[PDB]
Amino acid sequence: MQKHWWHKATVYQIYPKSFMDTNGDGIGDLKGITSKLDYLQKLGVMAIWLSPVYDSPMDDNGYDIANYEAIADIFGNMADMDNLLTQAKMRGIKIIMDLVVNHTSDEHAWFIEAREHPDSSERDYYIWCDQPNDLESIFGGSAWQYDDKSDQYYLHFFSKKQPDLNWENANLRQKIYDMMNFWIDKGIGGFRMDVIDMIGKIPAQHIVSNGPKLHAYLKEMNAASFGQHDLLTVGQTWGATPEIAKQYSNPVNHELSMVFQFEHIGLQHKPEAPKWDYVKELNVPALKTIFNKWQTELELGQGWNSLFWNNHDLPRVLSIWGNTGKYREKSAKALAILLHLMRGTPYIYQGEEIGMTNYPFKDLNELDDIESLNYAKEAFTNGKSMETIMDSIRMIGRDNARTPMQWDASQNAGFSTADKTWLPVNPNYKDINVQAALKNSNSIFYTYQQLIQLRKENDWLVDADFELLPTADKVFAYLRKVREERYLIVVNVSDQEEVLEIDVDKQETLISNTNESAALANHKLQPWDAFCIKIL
Ligand SMILES: OC[C@H]1O[C@H](OC[C@H]2O[C@H](OC[C@H]3O[C@H](O)[C@H](O)[C@@H](O)[C@@H]3O)[C@H](O)[C@@H](O)[C@@H]2O)[C@H](O)[C@@H](O)[C@@H]1O
Ligand SMILES: [Ca+2]
Ligand SMILES: [Ca+2]
Ligand SMILES: [Ca+2]
């Protein structure tokens with residue numbers, strides 16, 4: 001397999017509005033990000049997946065873009081963007097921009113022209129109809145919004161302020177490629193593609209994800225822009241299966257580097273039910289089966305996996321599948337070890353490296369995400385009390401991943417000097433913060449740092465196969481094998497002691513959050529024990 005710079009890379013996702021505020025408006029900005037590049041360099045990440053910082057009304061906080069080639073006032077300006085690029089590069093960190101082209105803001109110049117002048121070319125940049133079908137919006141309601149100005153419905157799988165682009169229009173696709181090349185020319189390291197598996201949509205036929213022309217568009221996009229370069233492109237694909245992922249990531253297809261698959265995240269809610277009907281108790285056996293399948297199916301020179309626990313749209317891993325009490329740190333380390341030692345490119349969400357958690361939202365007013373507010377509005381009139389609604393939101397609400405990054409124990413956790421922050425800082429910041437984590441030699445931060453270094457200095461993390469071992473339900477163990485080197489990863493994913501009925505000859509310990517020797521010798525695992533040892 002041809003190796004690229006990103007094959008040894010670990011990506012760090014930054015949610016711009018909640019990373020670092022440098023001008024006291026209570027909202028993170030580009031200068032704030034740039035001011036923390038030394039930190040990220042210490043962590044050792046090679047790239048930053050930067051969520052949207054483009055001009056936007058912020059109806060969906062950046063994913064509703066009004067201008068693909070201008071920075072939103074709140075984040076700063078193009079000069080700030082350029083400096084981030086240059087300062088990051090100087091520290092060996094590439095910037096991966098968030099590519100949101102399945103839709104734009106209804107305040108984008110193209111849509112304004114499409115609505116005001118139905119005969120214009122840009123009218124066809126969007127999807128209109130006289131007779132709407134039953135397609136629904138992901139944020140609630142019909143996916144069709146009637147426009148009384150032109151007397152037609154426009155499609156929007158997301159919010160009403162995010163009209164869908166018409167990917168059947170070759171001229172629209174071209175303008176998207178011109179825009180992508182605008183960014184490529186500035187020296188970015190790649191693109192994270194927002195719900196990219198939706199561009200093959202055919203609404204008339206109720207075809208949304210995995211449309212028939214989907215891969216053809218990606219091949220066309222590749223050839224017209226990033227293909228000739230050596231960038232990292234990761235597509236967000238909810239409708240992806242291992243076979244489809246191969247189509248995406250096998251380099252011979254000339255499409256993407258990898259994609260984000262959400263099969264494991266699916267274990268967070270009852271099957272066939274909205275994410276709001278969550279499941280607290282992680283089904284470890286199911287997880288083993290899912291991870292094992294993706295590690296097995298996407299073999300070398302056949303596909304490449306992306307590895308992640310959470311992002312800006314998901315609950316922080318500790319709150320959903322980890323321990324937020326007595327074993328916060330240990331569980332956090334255990335989950336990090338379990339994921340990063342598999343084959344693929346791991347993604348760390350800001351704050352994950354210090355073990356931040358979800359926020360205890362008390363009422364609707366304290367929220368910001370349109371998705372949560374829409375769900376609440378609808379649930380309230382359908383048999384759900386406000387408390388029940390707030391309980392679901394405290395667990396699954398997207399705002400849980402958007403509270404300010406916790407840097408220290410000062411005001412606003414060192415995130416801002418403002419009276420208040422756009423989203424409230426978690427009270428646990430007094431205990432959970434970057435300064436304290438950097439001070440404690442055995443904090444969660446260093447575990448991530450060590451995992452990152454191992455991946456940067458060892459070919460086996462890339463070349464070794466994956467084999468799931470037969471163990472107790474809550475024990476997640478597997479080996480990575482290449483030639484004659486054998487690495488055993490054992491992670492006790494539970495708050496209880498578990499049995500480890502195995503016998504091996506330990507050669508060396510690569511990383512451990514406990515006494516690996518005692519666990520091996522006693523054939524028992526203390527809660528959240530996690531380690532990787534090279535064995536004979
Ligand atoms: O730009 C809009 C939105 O796009 C990305 O996230 C998409 C979306 O992903 C999840 O929902 C997808 C999932 O929703 C239901 O389950 C449907 O039934 C499925 O078909 C569909 O795959 C997530 O739950 C949403 O919150 C999220 O909006 C960006 O990452 C988002 O930030 C952005 O808002
Ligand atoms: Ca600011
Ligand atoms: Ca009218
Ligand atoms: Ca102040």
Side-chain angles (χ1 to χ4, degrees), residues 51-52 54 60 62-65 68 96-106 108 110-111 114 121-129 133 135-139 143-144 154-159 161-184 190-227 231-241 243-250 253-262 306 313:
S51 278
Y54 320 92
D60 186 22
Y63 287 90
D64 55 308
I65 299 169
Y68 290 110
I96 296 170
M97 296 296 272
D98 205 313
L99 187 71
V100 194
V101 298
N102 168 266
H103 46 270
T104 73
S105 162
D106 65 329
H108 187 295
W110 300 334
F111 193 74
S121 293
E122 24 283 285
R123 176 72 176 188
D124 191 52
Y125 283 10
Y126 298 90
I127 305 176
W128 306 87
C129 80
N133 53 32
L135 280 178
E136 285 175 351
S137 167
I138 295 177
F139 296 165
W144 297 104
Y154 64 84
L155 177 71
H156 70 89
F157 277 113
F158 293 99
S159 79
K161 298 207 61 179
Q162 292 171 105
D164 271 61
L165 283 173
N166 176 22
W167 277 72
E168 277 190 0
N169 185 319
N171 285 172
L172 175 280
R173 304 202 301 275
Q174 179 60 229
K175 292 187 66 61
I176 290 304
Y177 306 147
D178 291 344
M179 179 273 290
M180 291 175 69
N181 284 311
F182 163 79
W183 282 103
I184 292 177
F191 293 108
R192 173 276 185 172
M193 305 189 197
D194 195 70
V195 299
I196 199 61
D197 68 345
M198 284 176 78
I199 62 174
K201 59 206 175 179
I202 296 182
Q205 292 175 46
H206 292 84
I207 290 181
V208 183
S209 291
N210 295 141
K213 298 287 171 290
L214 170 63
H215 295 286
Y217 294 150
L218 292 181
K219 285 171 174 289
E220 176 190 75
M221 177 187 277
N222 175 117
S225 59
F226 66 85
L231 317 180
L232 186 175
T233 53
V234 54
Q236 170 191 32
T237 60
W238 278 81
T241 62
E243 299 306 300
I244 299 178
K246 293 173 187 172
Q247 170 90 62
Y248 290 127
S249 62
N250 181 319
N253 287 301
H254 295 296
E255 284 178 48
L256 313 177
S257 302
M258 62 193 82
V259 301
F260 293 134
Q261 59 92 186
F262 299 73
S306 69
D313 300 319

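In what follows, residues are counted from 1 in the order of the sequence shown. All heavy atoms count here, side chains included; hydrogens, waters and symmetry mates do not.
- Across all non-hydrogen atoms, the minimal contact from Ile196 to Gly235 is CG2-CA, 3.9 Å.
- A salt bridge does not link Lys161 with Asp64: every distance from a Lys NZ or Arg NE/NH1/NH2 to an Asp or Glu carboxylate oxygen is 4.0 Å or more.
- The two residues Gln236 and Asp313 come nearest to each other via the heavy atoms NE2-OD2, 4.1 Å.
- Distance CG/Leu165 to CD/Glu122: 12.0 Å, rounded to 0.5 Å.
- Residues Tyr63 and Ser159 form no side-chain contact, since every pair of their non-hydrogen atoms from C-beta on lies 4.5 Å or further apart.
- Partners of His103 according to the ring-ring contact (aromatic ring centres under 6.0 Å, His included) rule, which considers only residues two or more places apart in sequence or in another chain, are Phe158.
- Taken to the nearest 0.5 Å, the CG atom of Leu99 stands 7.5 Å off from the CD1 atom of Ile176.
- With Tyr154 as the partner, the ring pair (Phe, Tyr, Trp, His ring centres under 6.0 Å) test is satisfied by one option alone out of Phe111, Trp144, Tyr125: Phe111.
- Here the CG-OG1 distance, from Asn210 to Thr237, works out to 8.0 Å after rounding to the nearest 0.5 Å.
- Between the side chain of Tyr217 and the backbone N or O of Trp167 there is at least one donor-acceptor pair closer than 3.5 Å.
- Using a 4.5 Å heavy-atom cutoff, the side chains of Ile207 and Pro212 are in contact.
- A donor-acceptor pair under 3.5 Å is absent between the side-chain atoms of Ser225 and the main chain of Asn181, judged by distance alone.
- Checked by atom type, the side-chain pair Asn166/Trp128 shows no donor-acceptor distance below 3.5 Å.
- Using a distance-only test at 3.5 Å, with no hydrogens or angles considered, no donor-acceptor pair links the side chain of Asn253 to the main chain of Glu255.
- In this structure, the side chain of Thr233 engages the main chain of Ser257 through a donor-acceptor pair within 3.5 Å.
- Using cut-offs of 30° and 60° for the angle between ring planes, the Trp110 and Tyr68 rings count as tilted.
- A donor-acceptor distance shorter than 3.5 angstrom exists from the side chain of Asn169 to the backbone of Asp124, with no hydrogens or angles considered.
- Taking each heavy atom of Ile244 and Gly239 in turn, the nearest pair found is CD1-O, 3.7 Å.
- Interatomic distance, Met193 CE to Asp98 CG, rounded to the nearest 0.5 Å: 10.5 Å.
- Checked against the 6.0 Å centroid criterion, the rings of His215 and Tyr248 qualify as a close aromatic pair.
- With ring centers used as reference points, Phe226 lies 6.0 Å or more from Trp183.
- Taking every heavy atom of both residues into account, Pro163 and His156 meet most closely at CA-CB, 4.2 Å.
- With sequence neighbours left out, the salt bridge (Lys or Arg N to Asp or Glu O under 4.0 Å) criterion links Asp194 to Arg192.
- In this structure, the side chain of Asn102 does not engage the main chain of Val195 through any donor-acceptor pair within 3.5 Å.
- For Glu168, the CD atom is loosely surrounded, since the number of other residues' heavy atoms within 6.0 Å does not exceed 12.
- When the shell of 6.0 Å around NZ of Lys213 is examined, it contains 12 or fewer heavy atoms from other residues, nucleotides or ligands.
- Taking the six-membered ring for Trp and the full ring otherwise, the centers of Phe139 and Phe157 sit at least 6.0 Å from each other.
- Contacts of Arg123 classified as salt bridge (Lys or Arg N to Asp or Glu O under 4.0 Å), with partners at least two apart in sequence or in another chain: none.
- Ring-plane geometry between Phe260 and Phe262 is classed as perpendicular, the angle between the planes exceeding 60 degrees on a 0 to 90 degree scale with a lower cut at 30.
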